[PDB]
Amino acid sequence: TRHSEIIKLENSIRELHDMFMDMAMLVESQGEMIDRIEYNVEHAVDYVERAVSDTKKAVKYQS
Amino acid sequence: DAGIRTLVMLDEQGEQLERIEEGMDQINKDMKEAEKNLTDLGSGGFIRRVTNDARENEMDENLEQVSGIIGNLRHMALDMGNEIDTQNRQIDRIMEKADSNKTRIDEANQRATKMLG
Amino acid sequence: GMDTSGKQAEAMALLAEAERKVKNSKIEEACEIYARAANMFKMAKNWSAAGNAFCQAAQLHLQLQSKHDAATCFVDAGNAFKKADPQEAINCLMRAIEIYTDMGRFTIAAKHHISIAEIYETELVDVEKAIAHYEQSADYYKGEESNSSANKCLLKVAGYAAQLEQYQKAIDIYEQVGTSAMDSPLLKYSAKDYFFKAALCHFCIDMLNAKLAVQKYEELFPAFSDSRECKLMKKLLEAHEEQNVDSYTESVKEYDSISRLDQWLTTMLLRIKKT
Amino acid sequence: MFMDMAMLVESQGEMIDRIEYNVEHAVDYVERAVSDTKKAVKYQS
Amino acid sequence: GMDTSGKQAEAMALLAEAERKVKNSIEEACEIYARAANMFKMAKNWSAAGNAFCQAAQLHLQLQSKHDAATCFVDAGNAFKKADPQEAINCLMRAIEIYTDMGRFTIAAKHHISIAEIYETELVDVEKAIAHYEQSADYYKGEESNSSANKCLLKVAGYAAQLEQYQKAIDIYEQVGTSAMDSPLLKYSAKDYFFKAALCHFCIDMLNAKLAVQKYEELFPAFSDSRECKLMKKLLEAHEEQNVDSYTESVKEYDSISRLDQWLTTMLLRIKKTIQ
Amino acid sequence: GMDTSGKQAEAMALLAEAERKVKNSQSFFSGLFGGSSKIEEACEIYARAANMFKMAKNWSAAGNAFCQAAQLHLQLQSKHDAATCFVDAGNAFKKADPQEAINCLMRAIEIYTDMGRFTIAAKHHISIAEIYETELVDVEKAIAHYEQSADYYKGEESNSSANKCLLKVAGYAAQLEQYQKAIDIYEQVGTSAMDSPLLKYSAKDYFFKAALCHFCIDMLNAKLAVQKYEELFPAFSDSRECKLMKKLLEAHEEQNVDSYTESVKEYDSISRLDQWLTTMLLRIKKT
């Protein structure tokens, strides 16, 4: 009975280790991607704010 | 406890991802409509009890207990992984849409600055 | 099915109406209506003609004074052609990547490089082209400080090079990635796997130098001794020292009973053991 | 490995919250701008 | 190969074109400068690409533009990071000042952390890195970023204990333990932080460490059940017994039970040296 | 340091300039009818001064400036900007004194719910509930706000949020020695979440709480409830909760407080007990 239980425990531990490693790398890639989108959206909001301000000032000057 | 908290807050993050996806979709549709309008405007044991004694007995039980927990943990672990996959996909797709929206507005601005002169 | 025929007829009618309208300032409206027709055709799910119309609209947009919109149309057309003639999609995606590089967005350029390499390797068998694309993407990402994608591309190319029997490049890349992961506080758990892969790749070159390589790996990372992978490597080396087939066969059977082997490691083990 | 994962997960969650806040600001401002554009176009005409 | 010479010649031609265009006296000049910097980037000529980026930044700033100028400054600093840490630091400080004037605290704090990292990694200067980390921590705390502030404070405390006085370590570790123990998820690790403070008390004297551990035990009942307090009490008994053999035996027993961080080892070596 | 003196001086000078600007705005409007350009510029200066005061850690001045800007823009027929400024003022007051934040958040709630925006109203309700709970022990207002937010979310169809509010409501009601509402909420939440895939693992926990919440009333009804919950969810028998509850009932049926105490101590030793669970165990021990 020793071999069966010991090998079962080893299999479970190894599977947990491998899957945790894989999903940790996946989480790292996900973090990089979300940081990139964060900066992208920040730049987009800043530029749209500037553009709408320019439009407002231009139209008010013309009217 | 750490596993359970990780799972529940992963689900919360997925909900937030869905919310932002819906918001960006609405933003894209509204921007396109406004631009067009503006354009149109113009196992039994673990220890061999060779020694007998209580020290062995308790040992065995503990191992069994741990094994069972580990068994459960195995399944649990798998579950915690699955959601990430879907989330990752979303975190990619969104980017595409976002870029287009930004591009659109920029181009619109450029057009709005070239028709006049 | 009635759905496919109805959608195809509607999309054809819309495209014909767009053609008549444009044939009869007008460039922008023509491009807009052509894009609408292309979207309707995609909804009709005829990939070849949908992609054809989309790239025609993209060319018309290129005729119009706009760059980024043309690139978006190009990438959409490439995605549509993904299930069609690979060469046209590859050329369109290369043009889009050139536009992106001219504009300066290296991240999207590297993403598109990865996409083109992936489609080339999955659809076509010619590997060197995909390897070159992956190397270009890795260079771009390293220039952009994106370590994750660069490491992924380096691992893919190293694995393939091991597959192409160029073991020197594979072992060099594996050692580099292992030391990089070891230096970082995180990802140090896979450094043992990287060192084990490097040792396996080195073994193919010869047998005597395998002992020196494993000793160097051990003295570089002492904890690597504790890993079962190091024990398996040393046991297999000792078994191979004597021309006995049972020892390493039993060892690999036990390892399989422990962990399920991937295709690459299985073929590598069979190749090493056969000779 | 678990404790190593925990910190990255926490950082990702907090910065997801920050990104959501930024997007809420952006969408609210976009709605206000659209309303202003509608007002201008309707009243000028 | 073709790439090097071709890209270098094209970038030089673009620089000359921009110089002539400005000599005529402007946005087209900035676009040409940005394109030339991009070509230089593809040619792997990291040096002088930041100079072109900075020239474009000044050209655009001349017409009151500040956002794109700040982004160009940040990119130029990042490019200079590998070529020259000093110029990268200068550009990043300029960007931080611009954003702080504009009120972008998140970007400013991230740039401050980047400045601290580059200071501590390439050059040898911790006090400036400590100040940068403190500034970033204060910025994040203003924006109620608990985790970032806690991480920055923990790193500052570790550095201070490493080289500076132990008062900073005690204060920051106690504050972090207070913040984390009440929290549900992090309480598991809370004990750890407290232990560090106690060890830092042993550096000054044994009585201070004993009082600190008693206060921690009274405040945190679970701290009593931890094996760490038992090990510290055994170490205290060894020190009052002036027996280095007991110290070594306890340290080796703990190491066998669990591996070390290599910082606890240094602190324990310092403590055992002064047993005399 | 220099921050305090310099920022305070410059912000006070800017605020005085804004006051002079608004004072002259009425005269300019009367004499020439310039419009709202001067008013808009004064509002921008007010917002900038509020931002600087917040930067310099002078929360009170920032909140005052935010309130001034909100009122001034509200008088300009723009409710959205006024509501945003009121929310900012509420945040600043929360940083300094939540009493003003309460009325600011109520104003924001009224303005938003006038148009029918349920999500923002529910979020502000939860914010006010948190403000009340963290400082004061006014459980009544907190429970009312939580129920209002839960109703708003239920009417908006946004699932996965109102359930946590209902769980908090049940916990506080049980803490208030009122168990019927807590029992009903817990059983409803458990039954609803049983069908969901992700929530299944957690469902059993709720049942156990109900059992404890259903054990104060009487032993007969508690035993019947335990039986009903076990039968409806047979898998609940696998977890330690059923064994613990059975042992507690067996010990308590014969006035053997020592056995009950030993079982509770063992359960706590294996895993630390929650404050609510420990309090309920102690209260049951009184019997």
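Letters are used for the chains, namely A, B, C, D, E and F, taken in the order the chains are written, and counting of residues starts over at 1 for each.
Convention: contacts are C-beta pairs under 8 Å (C-beta built on N, C-alpha and C of every residue); 3 or more make two chains touch, one makes a residue touch a chain.
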{"item": "Chain closest to the middle, measuring from C-alpha centroids that were averaged per chain", "value": "A"}
{"item": "Pair of chains ranked first by number of touching C-beta pairs", "value": "A-B"}
{"item": "Between chain D and chain E, centroid-to-centroid distance (C-alpha), Å", "value": "28"}
{"item": "Rounded Å distance between chain C and chain E, as computed from the means of their C-alpha atoms", "value": "34"}
{"item": "Chain centre separation in whole Å, for chain D relative to chain C (CA means)", "value": "33"}
{"item": "Multi-partner residues of chain D (at least 2 other chains)", "value": "1-5, 8-9, 11-12, 16, 18-19, 23, 26, 30"}
{"item": "For chain B, residues contacting two or more additional chains", "value": "2, 99, 106"}
{"item": "Residue list for chain C, restricted to those that touch at least two other chains", "value": "186, 189"}
{"item": "Chain A-facing residues of chain D, complex", "value": "1-2, 4-5, 8-9, 11-12, 15-16, 18-19, 22-23, 25-26, 29-30, 33, 40"}
{"item": "Residues of chain A defined as touching chain E within the complex", "value": "42-43, 46-47, 50"}
{"item": "Complex contact set, residues of chain E against chain D", "value": "106, 145-148, 151, 189"}
{"item": "Chain C - residues contacting chain E, complex", "value": "101-102, 104, 143, 145"}
{"item": "Contact set on chain A toward chain C in their complex", "value": "7, 10-11, 14-15, 17-18, 21, 24-25, 28-29, 32, 36"}
